[PDB]
Amino acid sequence: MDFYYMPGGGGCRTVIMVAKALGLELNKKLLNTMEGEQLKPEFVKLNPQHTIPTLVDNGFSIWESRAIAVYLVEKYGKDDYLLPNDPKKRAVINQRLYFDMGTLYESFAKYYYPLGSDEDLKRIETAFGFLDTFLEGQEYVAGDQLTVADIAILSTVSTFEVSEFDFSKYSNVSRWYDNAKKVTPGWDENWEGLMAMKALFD
Amino acid sequence: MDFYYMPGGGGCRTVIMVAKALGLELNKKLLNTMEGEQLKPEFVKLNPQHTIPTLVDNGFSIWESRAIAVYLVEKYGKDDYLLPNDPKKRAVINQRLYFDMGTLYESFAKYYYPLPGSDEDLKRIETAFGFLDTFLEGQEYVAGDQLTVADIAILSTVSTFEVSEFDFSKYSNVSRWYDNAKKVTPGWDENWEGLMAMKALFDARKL
Ligand SMILES: [K+]
Ligand code: NA
């Protein structure tokens with residue numbers, strides 16, 4: 001399956017980790033969006049929104065990182081790995097995925113993409129507080145086992161770590177993060193993508 | 001099923017329409033965020049993020065409008081109604097839901113919440129509608145040829161734009177789709193009611 005991507009991006013790194021966890025091979029096609037490579041007509045035919053990540057899986061084109069992630073698990077995941085069958089448990093996972101996009105990652109973008117006001121820094125703190133509460137009394141963000149929601153939020157929180165946002169006062173988040181780093185497949189490739197992204201801005 | 005909401009909100013109205021499509025009664029609990037009612041400790045205990053909509057279904061508290069919508073369909077939907085089983089068709093629906101949140105509704109929020117908004121933010125709306133128009137090329141619905149939760153969520157958003165007097169008549173697939181959506185989507189009447197207070201409210205504040 002073809003994976004149109006940039007290695008530093010959080011959405012791209014989420015899919016990378018999910019694919020590694022599922023033991024799936026990605027044929028990586030680096031599209032430099034800083035050089036408008038995502039506007040090539042061959043790519044636009046696959047994804048008319050011409051966004052990355054985009055995965056092409058035997059003729060099937062899908063984009064939005066969190067949609068890709070859930071698709072790979074629903075198609076290739078064995079048993080209840082990373083995603084259960086239960087509507088209730090699945091709903092919590094889905095709410096955490098929208099949290100990750102609309103609240104947690106959104107606060108990252110608002111504060112670091114103007115590379116940032118005190119107000120937007122407060123927005124990050126507020127988001128981390130919610131995540132900390134989400135993690136009260138459980139090892140993972142949506143329950144008792146690693147899910148796609150953990151992997152997505154790891155992608156985001158590791159971006160914060162490398163950008164040097166200090167979340168050490170968030171006891172649950174810090175404990176979750178250390179565990180997630182050890183148990184999540186593909187962390188090494190997440191870290192590589194982050195490290196270049198850091199060396200980039202640095 | 002307790003439904004914590006405001007009638008004007010796009011996310012609240014998505015849930016209202018899905019609940020109607022599914023035959024589900026909501027016990028509506030109006031939670032007015034302009035008076036911090038959602039910050040009250042009793043609500044925070046139900047939803048630590050204290051956002052609306054929040055659904056409490058027989059002890060289970062769930063929030064994020066699009067998560068609530070999918071939960072209702074997965075738990076209560078018959079057959080393949082509103083959400084087919086096929087991982088591929090479900091994936092396209094999920095992509096359209098994230099589109100709705102992060103691109104389409106996002107462009108509404110950035111332009112209209114101040115109302116300033118800037119010309120760049122207006123352009124972002126046009127860009128978002130352009131993509132939606134392309135998604136609808138040759139297609140009756142946003143994610144295939146049946147009504148889905150993605151249509152209902154995007155209908156909530158596009159109807160918000162209409163009542164805010166954004167002209168999308170130049171997007172002819174979106175316009176066609178919208179006119180059809182209004183006729184075939186359950187709960188349209190309640191969505192409109194939520195919008196029209198919104199208009200009347202906005203109009204009166206403008207003087
Ligand atoms: K690599
Ligand atoms: Na994408």
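So you know, we letter chains A, B, ... as the sequences are listed, proteins then strands, and number each from 1. Atom set for the values below is all heavy atoms of this structure, side chains included, hydrogens, waters and symmetry mates excluded. Whatever order the structure lists them in is the order used to number ligands and atoms, beginning at 1.
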Can you confirm if the aromatic rings of A:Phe128 and A:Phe165 lie within a centre distance of less than 6.0 Å?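 Yes.
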
A:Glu189: which N/O/S atom is nearest the K ion (ligand 1)?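 In A:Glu189, the heteroatom (N, O or S) nearest the K ion (ligand 1) is OE2.
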
Give the atom name of whichever N/O/S atom in A:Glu192 sits closest to the K ion (ligand 1).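 In A:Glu192, the heteroatom (N, O or S) nearest the K ion (ligand 1) is OE1.
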
Is there an N/O/S atom in A:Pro53 at a distance below 3.0 Å from the Na ion (ligand 2)?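 Here the distance criterion (N, O or S atom, under 3.0 Å) is met by A:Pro53, so yes.
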
[X] to [Y], cation-pi by 6.0 Å centre distance and 45° axis angle:
| X | Y | value |
| --- | --- | --- |
| A:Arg96 | A:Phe134 | yes |
| A:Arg123 | A:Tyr111 | no |
| B:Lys28 | B:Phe3 | no |

Among the N, O or S atoms that A:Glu64 has, which is closest to the Na ion (ligand 2)?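 Restricting A:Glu64 to its N, O and S atoms, the minimum distance to the Na ion (ligand 2) goes to N.
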
